[PDB]
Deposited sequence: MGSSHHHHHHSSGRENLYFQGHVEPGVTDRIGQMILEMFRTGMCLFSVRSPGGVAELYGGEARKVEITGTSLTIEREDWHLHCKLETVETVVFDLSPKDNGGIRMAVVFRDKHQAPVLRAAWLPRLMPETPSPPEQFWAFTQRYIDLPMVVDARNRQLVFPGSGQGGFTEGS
């Protein structure tokens, strides 16, 4: 509901920064999507759709049960999980795609901080790595 709103918003925000690698995983394949500029964005009900010229991402936000904020040795990822804990979607931040200043972990901390409010969020951020 309102969570689904927030989730969608979080995904749209991450996308537009252009610093993220979005990945969708089936039982035998994974798709990796880059970009920060959409030809089309759409939130119809509980469905999120992002369209670039040569890739489209469709997400069923209602399936999302947990959101993991990972920051470990350094990987910075946000992981959207099924009700059976299966990843429906993964957003990984990449330092190569991120300005030198501030520090990549600072940028990612600053972002995740806006969102730790959410009940289904699960904080796995190693703060010691940011400061």
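Got a list of the deposited-sequence ranges with no coordinates? Unobserved in coordinates, per deposited numbering: 1 to 24, 98 to 102, 161 to 172.
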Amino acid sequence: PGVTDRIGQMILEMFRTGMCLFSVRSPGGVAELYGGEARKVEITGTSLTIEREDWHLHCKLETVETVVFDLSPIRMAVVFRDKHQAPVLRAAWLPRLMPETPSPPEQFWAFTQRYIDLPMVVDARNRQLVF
From here on, numbers count along this sequence of modelled residues.
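On average, which has the higher Cα B-factor in the deposited entry, 18 to 26 or 114 to 122? Going by the record's values, the stretch with the higher mean is 114 to 122.
On mean Cα temperature factor in this entry, is 91 to 99 or 39 to 47 the higher one? The recorded data point to 91 to 99.
If you compare 52, 58, 75, 81, which has the highest Cα B-factor in the entry? Of 52, 58, 75, 81, 75 has the highest C-alpha B-factor.
Divide the modelled residues of the chain into thirds by Cα B-factor and specify which third, lowest, middle or highest, holds residue 32. Lowest third, going by the recorded CA B-factors of the chain.
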